[PDB]
Amino acid sequence: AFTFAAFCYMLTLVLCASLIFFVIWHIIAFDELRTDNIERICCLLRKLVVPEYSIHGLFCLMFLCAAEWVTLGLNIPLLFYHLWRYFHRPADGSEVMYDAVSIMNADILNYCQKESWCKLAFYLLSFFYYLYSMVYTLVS
Amino acid sequence: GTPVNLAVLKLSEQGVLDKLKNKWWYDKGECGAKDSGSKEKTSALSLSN
């Protein structure tokens with residue numbers, strides 16, 4: 001029984017499989033920072049920030065329309081986190097955030113390294129959670 | 001004849017026989033009554049098409 005909410009699970013599996021691929025360059029370019037060039041990785045990783053956040057802004061709009069009050073709750077602290085991680089940080093004001101070319105300041109490399117294995121944690125088990133609630137609705 | 005004939009007359013205005021009309025029929029929508037949620041008979045294409 002194909003429903004509208006079941007399409008909202010098929011669409012996010014198309015998109016969150018790229019959202020794990022956004023944050024695989026989160027950890028590999030940090031691996032290039034720990035082995036070493038800085039303004040190269042600054043100019044790269046600054047770009048793909050508003051994509052990895054506003055795609056998450058899509059789903060919080062989406063499951064509201066899908067009227068899934070479970071899965072709307074299971075990502076709304078991350079949207080609260082994506083908003084909070086944003087708005088203090090573009091005080092530099094070059095394009096968006098996440099590098100601020102003098103990134104080599106202490107304690108911000110490891111705090112973003114916390115976030116490196118935080119996104120790769122959250123996006124992965126949710127990817128199998130959207131595939132869970134896909135098959136839940138699609139053959140019910 | 002006439003005791004039972006006077007019974008069904010009495011059974012009528014007491015409201016007992018039509019309570020028995022309820023009693024074995026009122027609760028028997030245990031099937032779900034799916035006719036109740038189907039009176040639209042909508043004719044647009046759905047996702048299933």
# chains A, B, ... in the order shown; residues from 1 in each chain; ligands from 1
call {"tool": "residues_around", "arguments": {"residues": "residue 3 of chain A", "least_positions_apart": "2", "cutoff": "12 Å", "atoms": "only C-alpha atoms", "output": "PyMOL selection string"}}
result
(chain A and resi 1+5-10+66-67+134-140) or (chain B and resi 46-49)
call {"tool": "select_by_dssp", "arguments": {"residues": "chain A", "states": "alpha helix (DSSP H)", "output": "number ranges by chain"}}
result
A: 4-22, 25-34, 38-47, 50-66, 76-87, 108-138
call {"tool": "write_last_selection", "arguments": {"atoms": "C-alpha atoms", "output": "CSV table (one decimal), in the first residue's frame"}}
result
chain,number,residue,atom,x,y,z
A,4,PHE,CA,2.3,9.7,0.9
A,5,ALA,CA,4.2,9.0,4.1
A,6,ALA,CA,5.8,6.0,2.5
A,7,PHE,CA,7.1,8.2,-0.3
A,8,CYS,CA,8.6,10.5,2.4
A,9,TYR,CA,10.7,7.5,3.5
A,10,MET,CA,11.7,6.6,0.0
A,11,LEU,CA,12.8,10.2,-0.7
A,12,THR,CA,15.0,10.5,2.4
A,13,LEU,CA,16.9,7.3,1.7
A,14,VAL,CA,17.9,8.9,-1.6
A,15,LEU,CA,19.0,12.0,0.3
A,16,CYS,CA,20.4,10.8,3.6
A,17,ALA,CA,22.7,8.4,1.6
A,18,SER,CA,24.2,11.6,0.3
A,19,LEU,CA,24.0,13.2,3.8
A,20,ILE,CA,26.3,10.5,5.0
A,21,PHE,CA,28.5,11.3,2.0
A,22,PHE,CA,28.6,14.9,3.0
A,25,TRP,CA,34.4,14.5,3.8
A,26,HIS,CA,33.9,15.8,7.4
A,27,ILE,CA,36.2,13.2,8.7
A,28,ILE,CA,38.6,12.6,5.8
A,29,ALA,CA,39.4,16.3,5.4
A,30,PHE,CA,39.9,16.4,9.2
A,31,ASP,CA,42.2,13.5,8.7
A,32,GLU,CA,44.0,15.8,6.2
A,33,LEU,CA,44.2,18.4,8.9
A,34,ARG,CA,45.6,16.1,11.6
A,38,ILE,CA,44.8,24.9,5.7
A,39,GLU,CA,43.1,27.4,3.4
A,40,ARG,CA,42.6,24.7,0.8
A,41,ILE,CA,40.6,22.6,3.2
A,42,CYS,CA,39.0,25.8,4.5
A,43,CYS,CA,37.8,26.8,1.0
A,44,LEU,CA,36.5,23.3,0.4
A,45,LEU,CA,34.7,22.5,3.6
A,46,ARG,CA,33.1,26.0,3.9
A,47,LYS,CA,31.1,25.3,0.7
A,50,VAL,CA,24.3,25.0,4.0
A,51,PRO,CA,23.6,21.8,1.8
A,52,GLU,CA,24.2,19.4,4.8
A,53,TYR,CA,22.0,21.6,7.0
A,54,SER,CA,19.1,22.7,4.8
A,55,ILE,CA,18.5,19.2,3.4
A,56,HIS,CA,17.9,18.4,7.0
A,57,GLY,CA,15.6,21.4,7.1
A,58,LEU,CA,13.6,19.7,4.3
A,59,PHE,CA,12.7,16.6,6.2
A,60,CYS,CA,11.5,18.4,9.3
A,61,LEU,CA,9.1,20.2,6.9
A,62,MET,CA,8.3,17.0,5.2
A,63,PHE,CA,7.2,14.7,8.0
A,64,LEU,CA,5.0,17.5,9.3
A,65,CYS,CA,3.2,17.2,6.0
A,66,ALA,CA,3.4,13.5,6.2
A,76,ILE,CA,14.0,17.8,15.8
A,77,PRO,CA,16.9,18.0,18.3
A,78,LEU,CA,19.3,17.8,15.4
A,79,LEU,CA,17.5,20.7,13.7
A,80,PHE,CA,17.8,22.5,17.1
A,81,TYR,CA,21.5,21.5,16.9
A,82,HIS,CA,21.9,22.5,13.3
A,83,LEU,CA,20.4,25.9,14.0
A,84,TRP,CA,22.5,26.3,17.2
A,85,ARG,CA,25.7,25.2,15.5
A,86,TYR,CA,25.0,27.7,12.8
A,87,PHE,CA,24.0,31.1,14.1
A,108,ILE,CA,37.9,23.9,18.0
A,109,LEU,CA,39.6,21.1,15.9
A,110,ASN,CA,38.6,18.5,18.6
A,111,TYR,CA,35.2,19.9,19.2
A,112,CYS,CA,34.5,19.6,15.5
A,113,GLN,CA,36.1,16.1,15.7
A,114,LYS,CA,33.4,15.4,18.3
A,115,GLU,CA,30.9,16.5,15.6
A,116,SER,CA,32.6,14.4,13.0
A,117,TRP,CA,31.7,11.1,14.7
A,118,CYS,CA,28.4,12.6,15.9
A,119,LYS,CA,27.0,13.1,12.3
A,120,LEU,CA,28.4,9.8,11.2
A,121,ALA,CA,26.7,8.2,14.2
A,122,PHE,CA,23.3,9.9,13.8
A,123,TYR,CA,22.9,9.7,10.1
A,124,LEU,CA,23.8,6.0,9.8
A,125,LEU,CA,21.3,4.5,12.3
A,126,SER,CA,18.6,6.9,11.1
A,127,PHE,CA,19.4,5.7,7.5
A,128,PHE,CA,18.4,2.2,8.7
A,129,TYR,CA,15.5,3.8,10.6
A,130,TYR,CA,14.1,5.4,7.5
A,131,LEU,CA,14.5,2.0,5.7
A,132,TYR,CA,12.8,0.5,8.7
A,133,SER,CA,9.7,2.7,8.5
A,134,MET,CA,9.8,2.5,4.7
A,135,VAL,CA,9.2,-1.3,4.7
A,136,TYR,CA,6.8,-0.8,7.7
A,137,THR,CA,4.4,1.3,5.6
A,138,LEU,CA,5.0,0.1,2.0
call {"tool": "atom_distance", "arguments": {"atom1": "atom CA of residue 35 of chain A", "atom2": "atom CA of residue 98 of chain A"}}
result
18.9 Å
call {"tool": "residues_around", "arguments": {"residues": "segment 20-37 of chain B", "least_positions_apart": "6", "cutoff": "12 Å", "atoms": "only C-alpha atoms", "output": "list in words"}}
result
residues 11, 12 and 14 of chain B
call {"tool": "write_last_selection", "arguments": {"atoms": "N, CA and C atoms", "output": "short mmCIF file (atom, residue, chain, number, x, y, z; two decimals), in the first residue's frame"}}
result
data_model
loop_
_atom_site.label_atom_id
_atom_site.label_comp_id
_atom_site.auth_asym_id
_atom_site.auth_seq_id
_atom_site.Cartn_x
_atom_site.Cartn_y
_atom_site.Cartn_z
N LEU B 11 -45.50 -7.21 24.63
CA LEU B 11 -44.07 -7.17 24.36
C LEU B 11 -43.67 -5.98 23.48
N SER B 12 -44.61 -5.45 22.70
CA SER B 12 -44.34 -4.31 21.84
C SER B 12 -44.17 -3.01 22.61
N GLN B 14 -44.02 -2.41 25.79
CA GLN B 14 -43.02 -2.46 26.86
C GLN B 14 -41.64 -2.11 26.31
#
call {"tool": "atom_distance", "arguments": {"atom1": "atom CA of residue 16 of chain B", "atom2": "atom CA of residue 1 of chain B"}}
result
19.7 Å
call {"tool": "decode", "arguments": {"residues": "segment 21-46 of chain B", "atoms": "N, CA and C atoms", "output": "PDB file, in the first residue's frame"}}
result
ATOM      1  N   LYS B  21     -34.458  -6.914  19.245  1.00  0.00           N
ATOM      2  CA  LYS B  21     -34.022  -6.508  17.912  1.00  0.00           C
ATOM      3  C   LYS B  21     -32.650  -5.856  17.977  1.00  0.00           C
ATOM      4  N   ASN B  22     -32.420  -5.043  19.010  1.00  0.00           N
ATOM      5  CA  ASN B  22     -31.076  -4.542  19.261  1.00  0.00           C
ATOM      6  C   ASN B  22     -30.157  -5.663  19.725  1.00  0.00           C
ATOM      7  N   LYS B  23     -30.588  -6.407  20.763  1.00  0.00           N
ATOM      8  CA  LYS B  23     -29.732  -7.216  21.643  1.00  0.00           C
ATOM      9  C   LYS B  23     -28.820  -8.181  20.898  1.00  0.00           C
ATOM     10  N   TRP B  24     -29.331  -8.819  19.854  1.00  0.00           N
ATOM     11  CA  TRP B  24     -28.516  -9.718  19.054  1.00  0.00           C
ATOM     12  C   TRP B  24     -28.016  -9.082  17.772  1.00  0.00           C
ATOM     13  N   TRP B  25     -28.311  -7.805  17.528  1.00  0.00           N
ATOM     14  CA  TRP B  25     -27.879  -7.185  16.281  1.00  0.00           C
ATOM     15  C   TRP B  25     -27.030  -5.936  16.499  1.00  0.00           C
ATOM     16  N   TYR B  26     -27.158  -5.277  17.660  1.00  0.00           N
ATOM     17  CA  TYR B  26     -26.531  -3.968  17.840  1.00  0.00           C
ATOM     18  C   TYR B  26     -25.022  -4.108  17.994  1.00  0.00           C
ATOM     19  N   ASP B  27     -24.581  -5.135  18.721  1.00  0.00           N
ATOM     20  CA  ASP B  27     -23.162  -5.281  19.010  1.00  0.00           C
ATOM     21  C   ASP B  27     -22.423  -6.007  17.901  1.00  0.00           C
ATOM     22  N   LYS B  28     -23.147  -6.513  16.907  1.00  0.00           N
ATOM     23  CA  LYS B  28     -22.582  -7.399  15.898  1.00  0.00           C
ATOM     24  C   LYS B  28     -21.922  -6.656  14.744  1.00  0.00           C
ATOM     25  N   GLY B  29     -21.534  -5.403  14.967  1.00  0.00           N
ATOM     26  CA  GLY B  29     -20.611  -4.724  14.080  1.00  0.00           C
ATOM     27  C   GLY B  29     -19.166  -4.981  14.463  1.00  0.00           C
ATOM     28  N   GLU B  30     -18.862  -6.225  14.846  1.00  0.00           N
ATOM     29  CA  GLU B  30     -17.515  -6.584  15.271  1.00  0.00           C
ATOM     30  C   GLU B  30     -16.603  -6.789  14.069  1.00  0.00           C
ATOM     31  N   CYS B  31     -17.197  -6.903  12.878  1.00  0.00           N
ATOM     32  CA  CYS B  31     -16.468  -6.960  11.619  1.00  0.00           C
ATOM     33  C   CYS B  31     -15.642  -5.700  11.405  1.00  0.00           C
ATOM     34  N   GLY B  32     -16.189  -4.558  11.801  1.00  0.00           N
ATOM     35  CA  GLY B  32     -15.467  -3.309  11.701  1.00  0.00           C
ATOM     36  C   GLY B  32     -16.309  -2.226  11.070  1.00  0.00           C
ATOM     37  N   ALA B  33     -17.365  -2.651  10.362  1.00  0.00           N
ATOM     38  CA  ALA B  33     -18.270  -1.802   9.590  1.00  0.00           C
ATOM     39  C   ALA B  33     -17.498  -0.916   8.619  1.00  0.00           C
ATOM     40  N   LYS B  34     -16.837  -1.527   7.634  1.00  0.00           N
ATOM     41  CA  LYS B  34     -15.958  -0.778   6.733  1.00  0.00           C
ATOM     42  C   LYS B  34     -16.752   0.012   5.695  1.00  0.00           C
ATOM     43  N   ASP B  35     -18.054  -0.255   5.598  1.00  0.00           N
ATOM     44  CA  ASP B  35     -18.971   0.524   4.774  1.00  0.00           C
ATOM     45  C   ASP B  35     -19.098   1.954   5.287  1.00  0.00           C
ATOM     46  N   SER B  36     -18.912   2.144   6.595  1.00  0.00           N
ATOM     47  CA  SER B  36     -19.048   3.443   7.245  1.00  0.00           C
ATOM     48  C   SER B  36     -18.003   4.441   6.760  1.00  0.00           C
ATOM     49  N   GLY B  37     -16.766   3.991   6.583  1.00  0.00           N
ATOM     50  CA  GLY B  37     -15.719   4.876   6.114  1.00  0.00           C
ATOM     51  C   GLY B  37     -15.472   4.797   4.622  1.00  0.00           C
ATOM     52  N   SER B  38     -16.534   4.614   3.837  1.00  0.00           N
ATOM     53  CA  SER B  38     -16.381   4.431   2.398  1.00  0.00           C
ATOM     54  C   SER B  38     -17.462   5.149   1.598  1.00  0.00           C
ATOM     55  N   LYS B  39     -18.225   6.043   2.233  1.00  0.00           N
ATOM     56  CA  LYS B  39     -19.333   6.676   1.527  1.00  0.00           C
ATOM     57  C   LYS B  39     -18.895   7.755   0.541  1.00  0.00           C
ATOM     58  N   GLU B  40     -17.600   8.089   0.483  1.00  0.00           N
ATOM     59  CA  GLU B  40     -17.169   9.068  -0.512  1.00  0.00           C
ATOM     60  C   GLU B  40     -17.247   8.509  -1.930  1.00  0.00           C
ATOM     61  N   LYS B  41     -16.833   7.247  -2.120  1.00  0.00           N
ATOM     62  CA  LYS B  41     -16.594   6.591  -3.403  1.00  0.00           C
ATOM     63  C   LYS B  41     -15.836   7.542  -4.323  1.00  0.00           C
ATOM     64  N   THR B  42     -14.627   7.918  -3.916  1.00  0.00           N
ATOM     65  CA  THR B  42     -13.896   8.926  -4.658  1.00  0.00           C
ATOM     66  C   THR B  42     -13.390   8.345  -5.975  1.00  0.00           C
ATOM     67  N   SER B  43     -13.194   9.235  -6.938  1.00  0.00           N
ATOM     68  CA  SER B  43     -12.969   8.841  -8.317  1.00  0.00           C
ATOM     69  C   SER B  43     -11.734   9.457  -8.945  1.00  0.00           C
ATOM     70  N   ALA B  44     -10.969  10.237  -8.187  1.00  0.00           N
ATOM     71  CA  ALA B  44      -9.655  10.664  -8.634  1.00  0.00           C
ATOM     72  C   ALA B  44      -8.705   9.479  -8.663  1.00  0.00           C
ATOM     73  N   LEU B  45      -7.656   9.588  -9.471  1.00  0.00           N
ATOM     74  CA  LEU B  45      -6.564   8.639  -9.355  1.00  0.00           C
ATOM     75  C   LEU B  45      -5.889   8.790  -7.999  1.00  0.00           C
ATOM     76  N   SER B  46      -5.483   7.662  -7.434  1.00  0.00           N
ATOM     77  CA  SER B  46      -4.757   7.686  -6.178  1.00  0.00           C
ATOM     78  C   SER B  46      -3.320   7.337  -6.496  1.00  0.00           C
TER      79      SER B  46
END
